[PDB]
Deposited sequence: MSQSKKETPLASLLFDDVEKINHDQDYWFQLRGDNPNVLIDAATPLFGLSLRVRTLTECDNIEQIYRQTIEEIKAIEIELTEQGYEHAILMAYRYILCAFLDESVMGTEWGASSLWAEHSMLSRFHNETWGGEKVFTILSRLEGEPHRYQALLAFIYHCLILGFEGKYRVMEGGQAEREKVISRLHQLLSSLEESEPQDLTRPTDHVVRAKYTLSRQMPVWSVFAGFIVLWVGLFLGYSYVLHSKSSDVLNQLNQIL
């Protein structure tokens, strides 16, 4: 399949994430995450891959909301996407743990790798946001991942 399939499936959530009735957007986001999962399952995508995808999507959206001024004090902070879908509260470390595993089998996981690259260049920081020297280290991650994607042709 095409390496952009998971990016394509996530485009409504990327737009949604970029502009962040708070209650409203919260609920539409929960519904859309599940709808995307169902759509990709129908297309025959592997459950384990879809759970890694969903995990990263949740962490991405949560970080987008926690970056705002109203985020940490809103209903979203109280019960985040990652908490509702994966029963975890941050995701900032585990996104990169997942990335490292996927990079152990990169041809197999090309589409999810491409998705993670897109998240990174859209500004996802995770653990790098609060790491000393984190901005430079994150740029090294992005450079390595671009090189990997390039080597997968």
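Residues 1-33, 54-60, 194-257 of the deposited sequence have no C-alpha coordinates in the structure.
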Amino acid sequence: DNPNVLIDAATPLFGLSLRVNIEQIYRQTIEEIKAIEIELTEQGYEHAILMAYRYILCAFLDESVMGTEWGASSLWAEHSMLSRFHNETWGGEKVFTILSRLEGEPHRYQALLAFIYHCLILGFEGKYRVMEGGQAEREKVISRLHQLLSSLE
From here on, numbers count along this sequence of modelled residues.
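Of the two segments examined, 8-16 and 125-133, it is 8-16 that shows the higher average Cα temperature factor in the deposited entry. Taking the PDB entry as given, 39-47 carries the higher mean Cα B factor of the two stretches 39-47 and 102-110. When the Cα B-factors of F85, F60, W90, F115 are read from the PDB record, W90 comes out highest. When the modelled residues of the chain are ordered by their C-alpha B factor, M66 lands in the highest third.
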